[PDB]
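To keep things clear, I will list the structure first and then write my remarks on it.
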Amino acid sequence: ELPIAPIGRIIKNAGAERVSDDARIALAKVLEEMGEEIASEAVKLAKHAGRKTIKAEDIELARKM
Amino acid sequence: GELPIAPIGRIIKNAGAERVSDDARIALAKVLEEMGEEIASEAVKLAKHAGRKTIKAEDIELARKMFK
């Protein structure tokens, strides 16, 4: 998912003067893919640690990939 | 920030999480927004040097390589 209107606002917040629709669609896809990969790693960290609930520390460690 | 939290908690559940803390949802939204801003900042520089003010998909797809 990720809805594309908030993604276009992220690009504006970085200073973009004009934003094409395809740039919004592309950045939504990139952030979904990264989100999925970080989440996947975080579920495994948790399981390797012996845990069912995903915590912030799981996300923070997974992000360093 | 700009990202809504509901879709981000669904990303974690759909990755296999049994349970997700609220702090974890917020952490993941903050990480993705920051990564998004850094990619977009670089995309803006790529477009300016191509002589454009409009950000294109190709600018995002090149800038994302900063995180490979």
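Here, A, B, ... name the chains of the structure tokens in the order displayed, residue numbers run from 1 inside each chain, and ligands are numbered from 1 in the same displayed order.
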
Distance cut-off 8 Å, counting only C-alpha atoms - which residues of chain A neighbour chain B? Return them as a PyMOL selection string.
chain A and resi 1-2+6-7+9-11+13-20+22-27+30-31+34-36+39-40+43+52-60+63

Secondary structure check, alpha helix (DSSP H) residues of chain B, as a PyMOL selection string:
chain B and resi 5-14+22-49+57-63

Output as a ChimeraX atom specification all residues of chain B that backbone DSSP marks as strand (DSSP E).
/B:19-20,54-55

When you draw a straight line from atom CA of residue 42 of chain A to atom CA of residue 61 of chain A, how long is it in Å?
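Pair atom CA of residue 42 of chain A / atom CA of residue 61 of chain A returns 7.6 Å.
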